[PDB]
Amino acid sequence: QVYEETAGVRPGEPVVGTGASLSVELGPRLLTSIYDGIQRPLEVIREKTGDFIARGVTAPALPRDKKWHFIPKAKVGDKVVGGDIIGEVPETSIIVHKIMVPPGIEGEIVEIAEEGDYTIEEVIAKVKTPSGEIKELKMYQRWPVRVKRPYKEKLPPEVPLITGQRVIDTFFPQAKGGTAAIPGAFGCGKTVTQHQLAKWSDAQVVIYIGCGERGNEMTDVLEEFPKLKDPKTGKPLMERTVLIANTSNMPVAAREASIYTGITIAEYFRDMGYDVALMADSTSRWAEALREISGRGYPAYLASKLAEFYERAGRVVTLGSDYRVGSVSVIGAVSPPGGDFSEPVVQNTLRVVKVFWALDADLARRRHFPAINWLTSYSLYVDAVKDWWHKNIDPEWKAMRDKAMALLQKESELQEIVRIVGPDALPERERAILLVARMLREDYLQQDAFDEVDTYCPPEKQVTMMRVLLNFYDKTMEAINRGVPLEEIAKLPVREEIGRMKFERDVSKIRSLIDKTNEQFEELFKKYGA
């Protein structure tokens, strides 16, 4: 009935064309709302077996009945282009919904509604185009989900997207507008980590796509997600979120379209000037959308539209008369059918994902959390975001990061060698590298998502914690170079404080550990001379 390819010639079966595309309606009831892959609202069902299960039913994506408060931000006579913000609507206690001229419309505002309460079908403005056509603007707009929402310019990766998780921000940074992947494999704290990312990343709006990887995933979404609170405001997280759902019972077509629906809604909040995080966990439900197309995508080339999906991520100068910037960053769950990867990252094009956080079950079982393998993870955005860190937070950010990574790489080499020849023949220098590498692992990489302080680590705290550790490293190598025994260094009281600094809120108290470290090594130099 509705199609991408234009219905000129009529095919066999009885099918009535609509001269329209598969589209979404945009705002201002997108927030707090739960759809399927074609933006049909949710249908709650009786428990019966399992706990809960849902299906999409044909109905309006946005309520026509509710009255929204419109504040005008333009006047009669103002010249206007696509993306220009002609009003505002408090959609939610956190998010102001910006009402924008649809793309491809420009001209003079000849009529705009005064401040008041209106439903979304009400015309709140009229624009006269250069040819004199009068266009009626409402509080919502439609867009075809399979077409990039346009923008002026895609900016190169530059600003990090602060997650507040030390291992990510320091070693494997995501950029605002960037593309990241995480394994879908269960039993390694993926749920804690995705949860932390949604809650703490400095995006104003979150779009979450998957909700049916487990049999009892729908019930957890419907029951718990309304209880979850945005820790930055104290208000519900649902109030800055939009949920899309993919399940075994929903049709194959809806789930294929789900990522396009999601990223279109993301692009729409981007266009307002917001930073948006699009998070996809529907990988197994999305993957089984693979279908028999026995006739006549093809053996010539695989489904490379997944490249074009990830291609829609980015930070952009948006449409509009004012200079304005917004972003969609993508964090997607990926998984192998078998145990080994089976070439899933090299399957899709030539590495469209620029960041990979390798959740690792062995790390999980050793209680190292978050369980991100610091040897198999990568980010191609380290050089792209370093200047932001250098200029705003710490001039030595990249140098410290590289130095800490080098120590971790050395640690890994030594542990392998030691596995063979034992630890007893290790020189002091080597033992010192292992001591400090262990401190890096325990005092910096490991982070406690369940702790009131350490659930989030501000940029300033990250660099200060790093300086403390690397200053301890420098002093350690300086000390053994002067024949101070490593047993003595391993027993320095300040080590104990460095171990707990992650639980300290006051960054100045953490910073003072540098001097405290520097004056206790002196009490060792006094005990051993020179």
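Don't overthink the numbering: it's just position in the shown sequence, from 1.
**Student:** Would you mind checking whether any residues of the deposited sequence sit unmodelled between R296 and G297, and how many (none, 1 to 3, 4 to 9, 10 or more)?
**Tutor:** The entry has a gap there, with 4 to 9 residues left out between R296 and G297.
**Student:** Comparing 457 to 465 with 475 to 483, which has the greater mean CA B-factor as deposited?
**Tutor:** 475 to 483 has the higher mean C-alpha B-factor.
**Student:** Name the higher of the two by mean Cα B-factor in the PDB entry, 426 to 434 versus 413 to 421.
**Tutor:** Looking at the record's C-alpha B-factors, the answer is 413 to 421.
**Student:** Out of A277, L375, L290, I85, which residue has the highest Cα temperature factor in the PDB record?
**Tutor:** Answer for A277, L375, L290, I85: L290, with the highest C-alpha B-factor.
**Student:** Among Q447, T318, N246, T163, single out the one with the highest C-alpha B factor in the record, please.
**Tutor:** Among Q447, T318, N246, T163, the highest C-alpha B-factor in the entry belongs to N246.
**Student:** Which third of the chain does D443 land in by C-alpha B-factor: lowest, middle or highest?
**Tutor:** Lowest third - that is where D443 ends up once the chain's C-alpha B-factors are sorted.
**Student:** Among all modelled residues of this chain, ranked by Cα B factor, put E256 in the bottom, middle or top third, i.e. lowest, middle or highest.
**Tutor:** For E256, the deposited C-alpha B-factor lands in the highest third.
**Student:** Against its chain's modelled residues, does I207's Cα B factor rank lowest, middle or highest third?
**Tutor:** It falls in the middle third of the chain.
**Student:** Please place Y310 in the lowest, middle or highest third of its chain according to the CA B-factor in the PDB entry.
**Tutor:** For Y310, the deposited C-alpha B-factor lands in the highest third.
**Student:** Tell me, lowest, middle or highest third: where does the Cα B factor of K98 rank within its chain?
**Tutor:** Its C-alpha B-factor, which the entry lists for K98, ranks in the middle third among residues of this chain.
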